[PDB]
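Asks: Please find structure14.cif (mmCIF, C-alpha atoms; chains and numbers go by the auth columns) on the next line:
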data_final
#
loop_
_atom_site.group_PDB
_atom_site.id
_atom_site.type_symbol
_atom_site.label_atom_id
_atom_site.label_comp_id
_atom_site.label_asym_id
_atom_site.label_seq_id
_atom_site.Cartn_x
_atom_site.Cartn_y
_atom_site.Cartn_z
_atom_site.B_iso_or_equiv
_atom_site.auth_seq_id
_atom_site.auth_asym_id
ATOM 1 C CA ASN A 1 21.993 -1.498 -0.863 0.00 32 A
ATOM 2 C CA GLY A 2 23.960 0.567 1.662 0.00 33 A
ATOM 3 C CA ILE A 3 24.298 1.579 5.289 0.00 34 A
ATOM 4 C CA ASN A 4 22.055 4.540 4.512 0.00 35 A
ATOM 5 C CA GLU A 5 19.303 1.990 3.871 0.00 36 A
ATOM 6 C CA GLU A 6 18.956 1.250 7.604 0.00 37 A
ATOM 7 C CA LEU A 7 18.244 4.934 8.205 0.00 38 A
ATOM 8 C CA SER A 8 15.792 4.996 5.302 0.00 39 A
ATOM 9 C CA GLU A 9 13.978 2.012 6.835 0.00 40 A
ATOM 10 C CA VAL A 10 13.734 3.797 10.184 0.00 41 A
ATOM 11 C CA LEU A 11 12.217 6.876 8.511 0.00 42 A
ATOM 12 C CA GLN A 12 9.743 4.654 6.620 0.00 43 A
ATOM 13 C CA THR A 13 8.776 2.770 9.788 0.00 44 A
ATOM 14 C CA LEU A 14 8.243 6.142 11.459 0.00 45 A
ATOM 15 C CA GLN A 15 5.992 7.312 8.610 0.00 46 A
ATOM 16 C CA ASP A 16 4.145 4.000 8.570 0.00 47 A
ATOM 17 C CA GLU A 17 3.508 4.467 12.289 0.00 48 A
ATOM 18 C CA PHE A 18 2.481 8.116 11.923 0.00 49 A
ATOM 19 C CA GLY A 19 -0.035 7.022 9.257 0.00 50 A
ATOM 20 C CA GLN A 20 -1.596 4.371 11.461 0.00 51 A
ATOM 21 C CA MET A 21 -1.966 6.784 14.283 0.00 52 A
ATOM 22 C CA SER A 22 -3.486 9.474 12.060 0.00 53 A
ATOM 23 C CA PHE A 23 -6.093 7.055 10.722 0.00 54 A
ATOM 24 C CA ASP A 24 -6.860 5.981 14.314 0.00 55 A
ATOM 25 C CA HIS A 25 -7.147 9.683 15.190 0.00 56 A
ATOM 26 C CA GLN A 26 -9.647 10.328 12.381 0.00 57 A
ATOM 27 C CA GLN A 27 -11.743 7.318 13.399 0.00 58 A
ATOM 28 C CA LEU A 28 -11.849 8.345 17.062 0.00 59 A
ATOM 29 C CA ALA A 29 -12.781 11.959 16.280 0.00 60 A
ATOM 30 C CA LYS A 30 -15.663 10.874 14.051 0.00 61 A
ATOM 31 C CA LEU A 31 -16.915 8.544 16.765 0.00 62 A
ATOM 32 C CA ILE A 32 -16.703 11.424 19.273 0.00 63 A
ATOM 33 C CA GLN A 33 -18.715 13.705 17.007 0.00 64 A
ATOM 34 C CA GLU A 34 -21.427 11.106 16.337 0.00 65 A
ATOM 35 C CA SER A 35 -21.844 10.169 19.988 0.00 66 A
ATOM 36 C CA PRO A 36 -24.959 11.408 21.832 0.00 67 A
ATOM 37 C CA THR A 37 -23.758 10.041 25.223 0.00 68 A
ATOM 38 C CA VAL A 38 -21.331 11.565 27.717 0.00 69 A
ATOM 39 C CA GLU A 39 -19.400 8.627 29.140 0.00 70 A
ATOM 40 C CA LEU A 40 -18.027 7.334 25.833 0.00 71 A
ATOM 41 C CA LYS A 41 -17.347 10.796 24.420 0.00 72 A
ATOM 42 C CA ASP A 42 -15.191 11.618 27.428 0.00 73 A
ATOM 43 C CA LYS A 43 -13.235 8.361 27.300 0.00 74 A
ATOM 44 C CA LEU A 44 -12.517 8.766 23.593 0.00 75 A
ATOM 45 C CA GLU A 45 -11.460 12.418 24.014 0.00 76 A
ATOM 46 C CA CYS A 46 -8.744 11.194 26.367 0.00 77 A
ATOM 47 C CA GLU A 47 -7.545 8.482 24.015 0.00 78 A
ATOM 48 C CA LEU A 48 -7.559 11.188 21.321 0.00 79 A
ATOM 49 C CA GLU A 49 -5.379 13.658 23.253 0.00 80 A
ATOM 50 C CA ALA A 50 -2.852 10.913 23.977 0.00 81 A
ATOM 51 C CA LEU A 51 -2.790 10.076 20.264 0.00 82 A
ATOM 52 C CA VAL A 52 -2.274 13.743 19.396 0.00 83 A
ATOM 53 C CA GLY A 53 0.782 13.852 21.668 0.00 84 A
ATOM 54 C CA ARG A 54 2.228 10.684 20.207 0.00 85 A
ATOM 55 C CA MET A 55 1.651 11.999 16.669 0.00 86 A
ATOM 56 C CA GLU A 56 3.386 15.274 17.428 0.00 87 A
ATOM 57 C CA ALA A 57 6.414 13.456 18.804 0.00 88 A
ATOM 58 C CA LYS A 58 6.441 10.952 15.927 0.00 89 A
ATOM 59 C CA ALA A 59 6.323 13.793 13.373 0.00 90 A
ATOM 60 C CA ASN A 60 9.204 15.625 15.095 0.00 91 A
ATOM 61 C CA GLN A 61 11.244 12.433 14.724 0.00 92 A
ATOM 62 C CA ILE A 62 10.422 12.155 11.015 0.00 93 A
ATOM 63 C CA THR A 63 11.439 15.776 10.360 0.00 94 A
ATOM 64 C CA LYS A 64 14.721 15.464 12.287 0.00 95 A
ATOM 65 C CA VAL A 65 15.655 12.164 10.643 0.00 96 A
ATOM 66 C CA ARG A 66 14.790 13.502 7.179 0.00 97 A
ATOM 67 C CA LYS A 67 16.586 16.790 7.885 0.00 98 A
ATOM 68 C CA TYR A 68 19.635 14.843 9.021 0.00 99 A
ATOM 69 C CA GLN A 69 19.420 12.658 5.921 0.00 100 A
ATOM 70 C CA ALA A 70 19.147 15.561 3.475 0.00 101 A
ATOM 71 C CA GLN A 71 22.121 17.285 5.127 0.00 102 A
ATOM 72 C CA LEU A 72 24.069 14.050 4.610 0.00 103 A
ATOM 73 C CA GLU A 73 22.843 13.904 0.981 0.00 104 A
ATOM 74 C CA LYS A 74 24.851 17.139 0.500 0.00 105 A
ATOM 75 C CA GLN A 75 28.226 15.510 1.231 0.00 106 A
ATOM 76 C CA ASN B 1 -1.202 -16.001 -1.780 0.00 32 B
ATOM 77 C CA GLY B 2 -4.800 -15.544 -2.943 0.00 33 B
ATOM 78 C CA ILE B 3 -7.220 -13.336 -4.832 0.00 34 B
ATOM 79 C CA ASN B 4 -7.996 -11.627 -1.534 0.00 35 B
ATOM 80 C CA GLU B 5 -4.400 -10.384 -1.598 0.00 36 B
ATOM 81 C CA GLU B 6 -5.187 -7.889 -4.384 0.00 37 B
ATOM 82 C CA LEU B 7 -7.856 -6.345 -2.162 0.00 38 B
ATOM 83 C CA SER B 8 -5.465 -6.314 0.791 0.00 39 B
ATOM 84 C CA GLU B 9 -2.907 -4.480 -1.363 0.00 40 B
ATOM 85 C CA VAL B 10 -5.500 -1.877 -2.343 0.00 41 B
ATOM 86 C CA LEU B 11 -6.371 -1.263 1.324 0.00 42 B
ATOM 87 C CA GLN B 12 -2.654 -0.964 2.177 0.00 43 B
ATOM 88 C CA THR B 13 -2.028 1.448 -0.706 0.00 44 B
ATOM 89 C CA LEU B 14 -4.990 3.480 0.541 0.00 45 B
ATOM 90 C CA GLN B 15 -3.561 3.583 4.076 0.00 46 B
ATOM 91 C CA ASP B 16 -0.096 4.392 2.765 0.00 47 B
ATOM 92 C CA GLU B 17 -1.642 7.302 0.869 0.00 48 B
ATOM 93 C CA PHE B 18 -3.729 8.467 3.835 0.00 49 B
ATOM 94 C CA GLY B 19 -0.527 8.501 5.928 0.00 50 B
ATOM 95 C CA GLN B 20 1.376 10.624 3.438 0.00 51 B
ATOM 96 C CA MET B 21 -1.413 13.096 3.254 0.00 52 B
ATOM 97 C CA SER B 22 -1.763 13.298 7.039 0.00 53 B
ATOM 98 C CA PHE B 23 1.945 14.015 7.458 0.00 54 B
ATOM 99 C CA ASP B 24 1.682 16.681 4.725 0.00 55 B
ATOM 100 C CA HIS B 25 -1.330 18.080 6.604 0.00 56 B
ATOM 101 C CA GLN B 26 0.607 18.307 9.883 0.00 57 B
ATOM 102 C CA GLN B 27 3.539 20.024 8.167 0.00 58 B
ATOM 103 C CA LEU B 28 1.320 22.592 6.445 0.00 59 B
ATOM 104 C CA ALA B 29 -0.618 23.418 9.624 0.00 60 B
ATOM 105 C CA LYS B 30 2.585 24.005 11.584 0.00 61 B
ATOM 106 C CA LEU B 31 3.879 26.271 8.836 0.00 62 B
ATOM 107 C CA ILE B 32 0.567 28.183 8.915 0.00 63 B
ATOM 108 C CA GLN B 33 0.796 28.662 12.671 0.00 64 B
ATOM 109 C CA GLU B 34 4.421 29.849 12.579 0.00 65 B
ATOM 110 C CA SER B 35 3.851 32.311 9.750 0.00 66 B
ATOM 111 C CA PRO B 36 3.752 36.043 10.591 0.00 67 B
ATOM 112 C CA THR B 37 2.788 37.043 7.001 0.00 68 B
ATOM 113 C CA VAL B 38 -0.623 37.041 5.329 0.00 69 B
ATOM 114 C CA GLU B 39 0.031 35.980 1.748 0.00 70 B
ATOM 115 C CA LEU B 40 1.659 32.634 2.549 0.00 71 B
ATOM 116 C CA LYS B 41 -0.731 31.815 5.390 0.00 72 B
ATOM 117 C CA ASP B 42 -3.682 32.223 3.046 0.00 73 B
ATOM 118 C CA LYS B 43 -2.165 30.110 0.274 0.00 74 B
ATOM 119 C CA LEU B 44 -1.324 27.294 2.680 0.00 75 B
ATOM 120 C CA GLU B 45 -4.799 27.381 4.277 0.00 76 B
ATOM 121 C CA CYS B 46 -6.222 26.605 0.845 0.00 77 B
ATOM 122 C CA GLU B 47 -3.822 23.751 0.191 0.00 78 B
ATOM 123 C CA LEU B 48 -4.762 22.521 3.682 0.00 79 B
ATOM 124 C CA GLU B 49 -8.532 22.511 3.079 0.00 80 B
ATOM 125 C CA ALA B 50 -8.043 20.590 -0.165 0.00 81 B
ATOM 126 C CA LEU B 51 -5.925 18.056 1.728 0.00 82 B
ATOM 127 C CA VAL B 52 -8.608 17.740 4.406 0.00 83 B
ATOM 128 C CA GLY B 53 -11.179 16.882 1.729 0.00 84 B
ATOM 129 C CA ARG B 54 -8.925 14.327 0.101 0.00 85 B
ATOM 130 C CA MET B 55 -8.180 12.753 3.498 0.00 86 B
ATOM 131 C CA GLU B 56 -11.854 12.476 4.358 0.00 87 B
ATOM 132 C CA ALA B 57 -12.587 10.745 1.066 0.00 88 B
ATOM 133 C CA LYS B 58 -9.532 8.483 1.370 0.00 89 B
ATOM 134 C CA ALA B 59 -10.578 7.441 4.895 0.00 90 B
ATOM 135 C CA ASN B 60 -14.138 6.661 3.741 0.00 91 B
ATOM 136 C CA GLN B 61 -12.615 4.341 1.136 0.00 92 B
ATOM 137 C CA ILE B 62 -10.470 2.573 3.741 0.00 93 B
ATOM 138 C CA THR B 63 -13.461 2.005 6.045 0.00 94 B
ATOM 139 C CA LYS B 64 -15.688 0.687 3.237 0.00 95 B
ATOM 140 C CA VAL B 65 -12.998 -1.618 1.855 0.00 96 B
ATOM 141 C CA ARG B 66 -12.153 -2.925 5.336 0.00 97 B
ATOM 142 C CA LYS B 67 -15.847 -3.280 6.214 0.00 98 B
ATOM 143 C CA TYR B 68 -16.395 -5.199 2.990 0.00 99 B
ATOM 144 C CA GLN B 69 -13.367 -7.365 3.741 0.00 100 B
ATOM 145 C CA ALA B 70 -14.424 -8.211 7.298 0.00 101 B
ATOM 146 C CA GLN B 71 -17.923 -9.124 6.083 0.00 102 B
ATOM 147 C CA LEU B 72 -16.260 -11.474 3.585 0.00 103 B
ATOM 148 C CA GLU B 73 -14.040 -12.863 6.385 0.00 104 B
ATOM 149 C CA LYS B 74 -17.317 -14.137 7.926 0.00 105 B
ATOM 150 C CA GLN B 75 -18.107 -16.505 5.037 0.00 106 B
#
Written as structure tokens, how would this file's structure read?
Replies:
Amino acid sequence: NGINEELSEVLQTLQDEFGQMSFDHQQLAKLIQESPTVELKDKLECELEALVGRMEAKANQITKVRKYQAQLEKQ
Amino acid sequence: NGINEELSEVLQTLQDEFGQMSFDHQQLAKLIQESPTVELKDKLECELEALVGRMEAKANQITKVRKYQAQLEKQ
């Protein structure tokens, strides 16, 4: 329904990805909290930090793409 | 493609909702950090805590519905 639709799909895919990662992040953090042992805690903390960095970068992409799209919606 | 599909759609809708809320949560938290003024900070902190509670409850729903679904996938 337009060329703009391809950009809308990219923004949606980005949000869909951000959501998956945030759910994964909530699951890992709860596991970390509930864990009485050191070895697993420390491995999950490292997966968690990597996820935090990917989520930050994903969110920056969403904001730029939306921002770009709204500025195009003005013209 | 089945009666199970209605349950799959509910789980997807739940994840789609969880993702929206988590993006909203990341945007609010960044605003809070960047804010040099008290009044707005304090209003956003309260929206943020409410979002945290809704996200927790949403995630519990996803885990129970998935858990239920996997236990059904065994039989």
Asks: What lies within 12 Å of residue 48 of chain B using only C-alpha atoms, ignoring chain neighbours under 4 positions off, as a ChimeraX atom specification?
Replies: /A:46-47,49-51,53-54 /B:41-44,52-55,82,85-90,92-93
Asks: Kindly export the residues of the current selection with C-alpha atoms, as a PDB file, keeping the file's coordinate frame.
Replies:
ATOM      1  CA  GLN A  46       5.992   7.312   8.610  1.00  0.00           C
ATOM      2  CA  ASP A  47       4.145   4.000   8.570  1.00  0.00           C
ATOM      3  CA  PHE A  49       2.481   8.116  11.923  1.00  0.00           C
ATOM      4  CA  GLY A  50      -0.035   7.022   9.257  1.00  0.00           C
ATOM      5  CA  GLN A  51      -1.596   4.371  11.461  1.00  0.00           C
ATOM      6  CA  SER A  53      -3.486   9.474  12.060  1.00  0.00           C
ATOM      7  CA  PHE A  54      -6.093   7.055  10.722  1.00  0.00           C
TER       8      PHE A  54
ATOM      9  CA  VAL B  41      -5.500  -1.877  -2.343  1.00  0.00           C
ATOM     10  CA  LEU B  42      -6.371  -1.263   1.324  1.00  0.00           C
ATOM     11  CA  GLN B  43      -2.654  -0.964   2.177  1.00  0.00           C
ATOM     12  CA  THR B  44      -2.028   1.448  -0.706  1.00  0.00           C
ATOM     13  CA  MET B  52      -1.413  13.096   3.254  1.00  0.00           C
ATOM     14  CA  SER B  53      -1.763  13.298   7.039  1.00  0.00           C
ATOM     15  CA  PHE B  54       1.945  14.015   7.458  1.00  0.00           C
ATOM     16  CA  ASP B  55       1.682  16.681   4.725  1.00  0.00           C
ATOM     17  CA  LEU B  82      -5.925  18.056   1.728  1.00  0.00           C
ATOM     18  CA  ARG B  85      -8.925  14.327   0.101  1.00  0.00           C
ATOM     19  CA  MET B  86      -8.180  12.753   3.498  1.00  0.00           C
ATOM     20  CA  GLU B  87     -11.854  12.476   4.358  1.00  0.00           C
ATOM     21  CA  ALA B  88     -12.587  10.745   1.066  1.00  0.00           C
ATOM     22  CA  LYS B  89      -9.532   8.483   1.370  1.00  0.00           C
ATOM     23  CA  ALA B  90     -10.578   7.441   4.895  1.00  0.00           C
ATOM     24  CA  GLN B  92     -12.615   4.341   1.136  1.00  0.00           C
ATOM     25  CA  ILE B  93     -10.470   2.573   3.741  1.00  0.00           C
TER      26      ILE B  93
END
Asks: Report, in Å to a single decimal, how far apart atom CA of residue 77 of chain B and atom CA of residue 94 of chain B are.
Replies: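 Rounded to one decimal, the two atoms are 26.2 Å apart.
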Asks: Counting only C-alpha atoms, which residues sit no farther than 10 Å from the position (-9.6, 9.5, 16.1) in the file's frame? I'd like them as a PDB file with C-alpha atoms, in the coordinates of the input.
Replies:
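Below is the file point.pdb, written as the result:
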ATOM      1  CA  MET A  52      -1.966   6.784  14.283  1.00  0.00           C
ATOM      2  CA  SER A  53      -3.486   9.474  12.060  1.00  0.00           C
ATOM      3  CA  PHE A  54      -6.093   7.055  10.722  1.00  0.00           C
ATOM      4  CA  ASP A  55      -6.860   5.981  14.314  1.00  0.00           C
ATOM      5  CA  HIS A  56      -7.147   9.683  15.190  1.00  0.00           C
ATOM      6  CA  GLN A  57      -9.647  10.328  12.381  1.00  0.00           C
ATOM      7  CA  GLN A  58     -11.743   7.318  13.399  1.00  0.00           C
ATOM      8  CA  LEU A  59     -11.849   8.345  17.062  1.00  0.00           C
ATOM      9  CA  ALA A  60     -12.781  11.959  16.280  1.00  0.00           C
ATOM     10  CA  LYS A  61     -15.663  10.874  14.051  1.00  0.00           C
ATOM     11  CA  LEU A  62     -16.915   8.544  16.765  1.00  0.00           C
ATOM     12  CA  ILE A  63     -16.703  11.424  19.273  1.00  0.00           C
ATOM     13  CA  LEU A  75     -12.517   8.766  23.593  1.00  0.00           C
ATOM     14  CA  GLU A  76     -11.460  12.418  24.014  1.00  0.00           C
ATOM     15  CA  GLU A  78      -7.545   8.482  24.015  1.00  0.00           C
ATOM     16  CA  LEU A  79      -7.559  11.188  21.321  1.00  0.00           C
ATOM     17  CA  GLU A  80      -5.379  13.658  23.253  1.00  0.00           C
ATOM     18  CA  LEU A  82      -2.790  10.076  20.264  1.00  0.00           C
ATOM     19  CA  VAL A  83      -2.274  13.743  19.396  1.00  0.00           C
TER      20      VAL A  83
END
Asks: Separation of atom CA of residue 101 of chain A and atom CA of residue 66 of chain B, in Å?
Replies: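 It comes out at 23.5 Å.
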Asks: Identify which of the residues A:70, A:91, A:81, A:100 lies closest to chain B, counting only C-alpha atoms when measuring atom-to-atom distances.
Replies: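 Ranked by minimum distance to chain B, first place goes to A:91.
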Asks: If you measure from atom CA of residue 34 of chain B to atom CA of residue 104 of chain B, what distance in Å do you get, rounded to one decimal?
Replies: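 Those two atoms sit 13.1 Å apart.
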Asks: Name the closest residue to chain B among the candidates A:33, A:45, A:73, A:106; distances are taken between atoms, counting only C-alpha atoms.
Replies: A:45
